[PDB]
Amino acid sequence: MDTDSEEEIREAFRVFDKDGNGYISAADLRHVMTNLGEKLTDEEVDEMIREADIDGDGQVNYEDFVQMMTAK
């Protein structure tokens, strides 16, 4: 028991985006989120994106998403 390597995620959000520059859409967000740490509920995730999206929803920052991944 000692972390699970939060580096595989950095490339996960970087490889997912091709026509961007370190920023994905809600779709890619709900996907990576719903698919990473066990199966979550559409309701629980709804609140997750509310924070990881500059209060609300829209475009999420790659760096930010990575910052929380380091320490949560």
# chains A, B, ... in the order shown; residues from 1 in each chain; ligands from 1
$ select_by_dssp --residues "chain A" --states "helix (DSSP H, G or I)" --output "PyMOL selection string"
chain A and resi 8-16+26-34+42-51+62-70
$ write_last_selection --atoms "N, CA, C and O atoms" --output "compact mmCIF listing (two decimals), in the first residue's frame"
# COMPACT_ATOMS: atom_id res chain seq x y z
N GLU A 8 0.57 7.54 -15.20
CA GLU A 8 -0.11 6.92 -16.33
C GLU A 8 -1.31 7.75 -16.77
O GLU A 8 -1.84 7.57 -17.87
N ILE A 9 -1.75 8.65 -15.90
CA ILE A 9 -2.89 9.51 -16.19
C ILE A 9 -2.47 10.71 -17.04
O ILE A 9 -3.19 11.12 -17.95
N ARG A 10 -1.30 11.26 -16.74
CA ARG A 10 -0.79 12.41 -17.47
C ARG A 10 -0.80 12.15 -18.98
O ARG A 10 -1.16 13.02 -19.77
N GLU A 11 -0.41 10.94 -19.37
CA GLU A 11 -0.38 10.56 -20.77
C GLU A 11 -1.77 10.17 -21.26
O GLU A 11 -2.06 10.24 -22.46
N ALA A 12 -2.62 9.75 -20.33
CA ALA A 12 -3.98 9.34 -20.67
C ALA A 12 -4.79 10.52 -21.19
O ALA A 12 -5.57 10.39 -22.13
N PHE A 13 -4.60 11.68 -20.56
CA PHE A 13 -5.32 12.89 -20.96
C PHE A 13 -4.59 13.60 -22.10
O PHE A 13 -5.18 14.42 -22.81
N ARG A 14 -3.31 13.29 -22.26
CA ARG A 14 -2.50 13.91 -23.31
C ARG A 14 -2.68 13.17 -24.64
O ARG A 14 -2.68 13.78 -25.70
N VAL A 15 -2.84 11.85 -24.55
CA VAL A 15 -3.01 11.03 -25.75
C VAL A 15 -4.45 11.10 -26.25
O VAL A 15 -4.71 10.89 -27.44
N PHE A 16 -5.38 11.39 -25.35
CA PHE A 16 -6.79 11.49 -25.70
C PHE A 16 -7.05 12.72 -26.56
O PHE A 16 -7.87 12.69 -27.48
N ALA A 26 -15.87 17.77 -21.79
CA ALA A 26 -16.58 17.05 -20.74
C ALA A 26 -16.63 15.55 -21.04
O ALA A 26 -16.41 14.73 -20.15
N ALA A 27 -16.92 15.21 -22.29
CA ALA A 27 -17.00 13.82 -22.70
C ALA A 27 -15.77 13.04 -22.25
O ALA A 27 -15.88 12.08 -21.47
N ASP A 28 -14.61 13.45 -22.73
CA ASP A 28 -13.36 12.79 -22.37
C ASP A 28 -13.16 12.77 -20.86
O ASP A 28 -12.54 11.86 -20.31
N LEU A 29 -13.70 13.79 -20.19
CA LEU A 29 -13.59 13.89 -18.74
C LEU A 29 -14.40 12.79 -18.05
O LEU A 29 -13.86 11.98 -17.30
N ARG A 30 -15.70 12.77 -18.31
CA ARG A 30 -16.59 11.78 -17.72
C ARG A 30 -16.09 10.37 -18.01
O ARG A 30 -16.32 9.44 -17.23
N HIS A 31 -15.40 10.20 -19.14
CA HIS A 31 -14.87 8.90 -19.53
C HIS A 31 -13.70 8.50 -18.63
O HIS A 31 -13.76 7.50 -17.92
N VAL A 32 -12.64 9.30 -18.66
CA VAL A 32 -11.45 9.03 -17.85
C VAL A 32 -11.82 8.87 -16.38
O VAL A 32 -11.30 7.99 -15.70
N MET A 33 -12.72 9.72 -15.90
CA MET A 33 -13.16 9.67 -14.51
C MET A 33 -13.92 8.38 -14.23
O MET A 33 -13.53 7.60 -13.36
N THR A 34 -15.00 8.16 -14.97
CA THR A 34 -15.81 6.96 -14.80
C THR A 34 -14.99 5.70 -15.02
O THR A 34 -15.35 4.62 -14.57
N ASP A 42 -23.47 8.11 -11.95
CA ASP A 42 -23.63 9.31 -12.76
C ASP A 42 -23.85 10.54 -11.87
O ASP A 42 -23.51 11.66 -12.25
N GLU A 43 -24.44 10.32 -10.70
CA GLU A 43 -24.71 11.40 -9.76
C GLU A 43 -23.42 11.86 -9.08
O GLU A 43 -23.13 13.06 -9.01
N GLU A 44 -22.66 10.90 -8.57
CA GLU A 44 -21.40 11.21 -7.88
C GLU A 44 -20.44 11.95 -8.81
O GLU A 44 -19.82 12.93 -8.42
N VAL A 45 -20.34 11.47 -10.05
CA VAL A 45 -19.46 12.09 -11.03
C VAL A 45 -19.90 13.51 -11.36
O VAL A 45 -19.08 14.40 -11.58
N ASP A 46 -21.22 13.72 -11.38
CA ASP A 46 -21.77 15.03 -11.67
C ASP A 46 -21.15 16.10 -10.78
O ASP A 46 -20.88 17.22 -11.22
N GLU A 47 -20.93 15.75 -9.52
CA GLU A 47 -20.34 16.68 -8.56
C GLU A 47 -18.83 16.77 -8.75
O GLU A 47 -18.21 17.79 -8.44
N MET A 48 -18.23 15.70 -9.26
CA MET A 48 -16.79 15.66 -9.49
C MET A 48 -16.39 16.66 -10.57
O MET A 48 -15.41 17.39 -10.41
N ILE A 49 -17.15 16.70 -11.66
CA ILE A 49 -16.87 17.61 -12.75
C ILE A 49 -17.17 19.05 -12.36
O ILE A 49 -16.56 19.99 -12.87
N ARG A 50 -18.12 19.22 -11.44
CA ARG A 50 -18.51 20.55 -10.98
C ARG A 50 -17.30 21.30 -10.42
O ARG A 50 -17.20 22.52 -10.57
N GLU A 51 -16.39 20.57 -9.79
CA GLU A 51 -15.19 21.17 -9.22
C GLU A 51 -14.06 21.21 -10.23
O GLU A 51 -13.45 22.25 -10.46
N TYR A 62 -5.60 20.45 -18.15
CA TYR A 62 -4.78 19.25 -18.02
C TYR A 62 -3.90 19.32 -16.77
O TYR A 62 -3.85 18.38 -15.98
N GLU A 63 -3.21 20.45 -16.60
CA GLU A 63 -2.34 20.64 -15.45
C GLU A 63 -3.10 20.45 -14.15
O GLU A 63 -2.70 19.67 -13.29
N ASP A 64 -4.21 21.17 -14.00
CA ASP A 64 -5.03 21.07 -12.80
C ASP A 64 -5.38 19.62 -12.49
O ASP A 64 -5.09 19.13 -11.40
N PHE A 65 -5.99 18.95 -13.46
CA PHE A 65 -6.38 17.55 -13.29
C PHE A 65 -5.19 16.71 -12.81
O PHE A 65 -5.37 15.72 -12.10
N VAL A 66 -3.99 17.12 -13.21
CA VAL A 66 -2.78 16.41 -12.82
C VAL A 66 -2.34 16.80 -11.41
O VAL A 66 -1.80 15.98 -10.67
N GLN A 67 -2.57 18.06 -11.05
CA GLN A 67 -2.20 18.55 -9.73
C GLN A 67 -2.91 17.77 -8.63
O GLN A 67 -2.29 17.34 -7.66
N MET A 68 -4.22 17.59 -8.79
CA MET A 68 -5.01 16.86 -7.81
C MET A 68 -4.62 15.38 -7.79
O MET A 68 -4.69 14.73 -6.75
N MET A 69 -4.21 14.86 -8.94
CA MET A 69 -3.80 13.47 -9.05
C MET A 69 -2.56 13.19 -8.21
O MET A 69 -2.36 12.08 -7.72
N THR A 70 -1.73 14.21 -8.05
CA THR A 70 -0.50 14.08 -7.27
C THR A 70 -0.81 13.94 -5.78
O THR A 70 -0.25 13.08 -5.10
$ atom_distance --atom1 "CA of residue 18 (chain A)" --atom2 "CA of residue 3 (chain A)"
28.9 Å
$ atom_distance --atom1 "CA of residue 71 (chain A)" --atom2 "CA of residue 19 (chain A)"
28.7 Å
$ select_by_dssp --residues "chain A" --states "strand (DSSP E)" --output "VMD selection string"
chain A and resid 23 to 24 60 to 61
$ atom_distance --atom1 "CA of residue 25 (chain A)" --atom2 "CA of residue 53 (chain A)"
9.9 Å
$ closest_residue --among "A:41, A:4, A:36, A:58" --to "residue 23 (chain A)" --atoms "only C-alpha atoms"
A:58
